Amino acid sequence: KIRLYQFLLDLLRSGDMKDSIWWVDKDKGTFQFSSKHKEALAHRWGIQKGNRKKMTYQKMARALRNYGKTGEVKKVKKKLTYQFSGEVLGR
DNA sequence: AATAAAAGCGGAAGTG
DNA sequence: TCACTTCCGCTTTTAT
């Protein structure tokens, strides 16, 4: 199946929803959601998953936090900002 | 000098 | 057993 962090990495590399999410330092692996448009991106994630209820950014960010222990995606001390690990990106 | 709003947090039970 | 999903309540950051 597809994992949340890959769903995000896909959009970022696609530019498919540049209005909702965007790199901050593509080299460092940091990215940021739009305060106004993040809910739309969260909705699309719930639909790709087919979940019973519609997906919200709150529930999505709740999922992201579980990646902290495993390292895929860590929270940056910047509003709506996260960071992919090197392994997720490449080498 | 306080607020309101938004963001961020995580335990617990639940779902394909 | 996974990878979240859903719910609920509390705390922190931010904007004014």
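In what follows, every heavy atom counts, from backbone to side chain, and hydrogens, waters and symmetry copies are set aside. Every chain is numbered from 1, with letters handed out A, B, ... down the list of sequences.
Closest contact between the side chain of A:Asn51 and the listed nucleotides C:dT5, B:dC9, C:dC4 involves C:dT5. Among C:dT6, B:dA7, C:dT5, the nucleotide with an atom closest to any side-chain atom of A:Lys59 is C:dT6. For A:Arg52, the listed nucleotide lying nearest its side chain is C:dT6; candidates were C:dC4, C:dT6, B:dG8. For A:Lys38, whose side chain is taken as the heavy atoms from C-beta onward, the closest listed nucleotide among C:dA3, B:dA7, C:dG9 is B:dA7. For A:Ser35, whose side chain is taken as the heavy atoms from C-beta onward, the closest listed nucleotide among B:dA7, B:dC9, C:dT5 is B:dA7.
A:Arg65 places its CZ atom 13 Å from the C1' atom of C:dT6, with the value rounded to the nearest Å. Put simply, NZ on A:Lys69 is 8 Å from P on B:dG10, counting in whole angstrom units. Rounded to an integer number of Å, the gap from A:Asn66 CG to B:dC9 P is 12 Å. Rounded to an integer number of Å, the gap from A:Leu4 CG to B:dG16 P is 18 Å. As a whole-Å value, the separation of A:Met55 CE from C:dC4 P is 10 Å. Across the protein-nucleic acid pair, A:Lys53 atom NZ and C:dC4 atom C1' stand 16 Å apart, rounded to whole Å. Nucleotide B:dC9 holds its P atom 13 Å from the CE atom of A:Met60, rounded to whole Å. Protein atom NZ of A:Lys78 is 11 Å distant from nucleotide atom P of C:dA15, rounded to whole Å.
A:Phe7 comes within contact range of no nucleotide atom at all, as no heavy-atom separation falls under 4.0 Å. A:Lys36 comes within 4.0 angstrom of nothing in the nucleic acid, heavy atoms only.
Counting only N and O atoms by type, the side chains of A:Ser85 and A:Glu87 include a donor and acceptor under 3.5 Å apart.
An OP1 or OP2 oxygen of C:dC4 is reached within less than 4.0 angstrom by no side-chain nitrogen or oxygen of A:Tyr5. Phosphate contact (OP1/OP2 of C:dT5, side-chain N/O of A:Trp45, threshold under 4.0 Å): present. OP1 or OP2 of B:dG8 has at least one side-chain nitrogen or oxygen of A:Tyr57 nearer than 4.0 Å. Phosphate contact (OP1/OP2 of C:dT13, side-chain N/O of A:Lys79, threshold under 4.0 Å): absent.
No continuous path of hydrophobic side-chain contacts links A:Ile2 to A:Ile47 [ILVMFWY only; heavy atoms under 4.5 Å].
Remark: A:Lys38 is positioned above the aromatic ring of A:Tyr57, its terminal NZ or CZ atom under 6.0 angstrom from the ring centre and at most 45 degrees off the axis.
Between A:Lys59 and A:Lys53 the shortest side-chain heavy-atom distance falls below 4.5 Å. At a threshold of 4.5 Å between non-hydrogen side-chain atoms, the residues A:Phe31 and A:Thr81 do not count as touching.
A donor N or O paired with an acceptor N or O is found under 3.5 Å between the base of B:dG10 and the side-chain atoms of A:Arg62.
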